[PDB]
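Asker: Structure incoming, see below.
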Amino acid sequence: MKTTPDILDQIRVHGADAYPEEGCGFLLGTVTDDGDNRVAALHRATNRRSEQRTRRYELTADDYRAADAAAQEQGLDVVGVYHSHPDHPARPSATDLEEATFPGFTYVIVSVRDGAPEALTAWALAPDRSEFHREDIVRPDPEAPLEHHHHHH
Numbered sequence: 001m002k003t004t005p006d007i008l009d010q011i012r013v014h015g016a017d018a019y020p021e022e023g024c025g026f027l028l029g030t031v032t033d034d035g036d037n038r039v040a041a042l043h044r045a046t047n048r049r050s051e052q053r054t055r056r057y058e059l060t061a062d063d064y065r066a067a068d069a070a071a072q073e074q075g076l077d078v079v080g081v082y083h084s085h086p087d088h089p090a091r092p093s094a095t096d097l098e099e100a101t102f103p104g105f106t107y108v109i110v111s112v113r114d115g116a117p118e119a120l121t122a123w124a125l126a127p128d129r130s131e132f133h134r135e136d137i138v139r140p141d142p143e144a145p146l147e148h149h150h151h152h153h
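The sequence shown: position 125 = 125 (the entry's author numbering), numbered continuously.
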C-alpha cells in the first residue's frame, strides 16, 4: 500500500466524519508499477447527502457496490478497506479478521476513540487467510510512472 501523508490524514478525518455513526471506509486507488496498490481516493461507508441540486453518478448508499461504481467514475477501483474500532490501538480483531473476504485487499486499522483519531496502521491479509501481517507505510516513489489500470472519466 502506497499512500501520501495527505491521504493518511484524510483517512483519520473520515473516521471522525463517520463517527458517531457506524461506518467504515473504502480505499480507492491505482495499481503501482510494482504490482502494489496506491490509495488515491477515499470514501467512507456512511451517507453524506445534503439537498444539492446536481446530477447523480447513480445514487447515495456508500455500499461496496456504490463505491465500486464511484471508483469507476474516478477511473479507480477498491484496492483496500479500513474500519475503526474503540478496542486495541491498531490491529484487527477476531470477527473483522474473520469477515475479511478479500485477501487481496489492504486493510487499514485506525484508532478512533469516539471521534478522536489517534494512529493508523496498514495490514495485509494472508492469502490463506489465517491472520494479518504488518506492512510498513510507504509513500509512492517520487516519480511514479504511467499507470496501466487507471481510467479517466
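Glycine is no exception: its CB is placed at the ideal position from the N, C-alpha and C atoms.
1. Measuring only the C-alpha atoms, how far is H133 from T121?
2. From the DSSP output, in three-state form, read off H133 for me.
3. Give me the residue from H150, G75, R91 and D33 with the minimum Cα distance to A144.
4. Decide if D136 is buried, meaning its Cβ has at least 16 other Cβ atoms within 10 Å, or exposed.
5. Check whether the segment 4–24 and the segment 77–96 are in contact - that is, three or more C-beta pairs closer than 8 Å.
6. Candidates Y64, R49, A69 and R48: which alpha carbon is nearest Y57's?
7. How close, in whole Å, do the beta carbons of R44 and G25 come, if the pair is a contact with beta carbons under 8 Å?
8. Does the Cβ of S50 have 16 or more other Cβ atoms within 10 Å, making it buried, or fewer, making it exposed?
9. Would you mind giving the Cβ-Cβ distance between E147 and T30, rounded to the nearest angstrom? I have them listed as a contact below 8 Å.
10. Would you mind stating whether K2 and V112 have Cβ atoms separated by less than 7 Å?
Answerer: On the basis of the supplied data:
1. 11 Å
2. strand
3. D33
4. exposed
5. yes
6. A69
7. 4 Å
8. exposed
9. 5 Å
10. no
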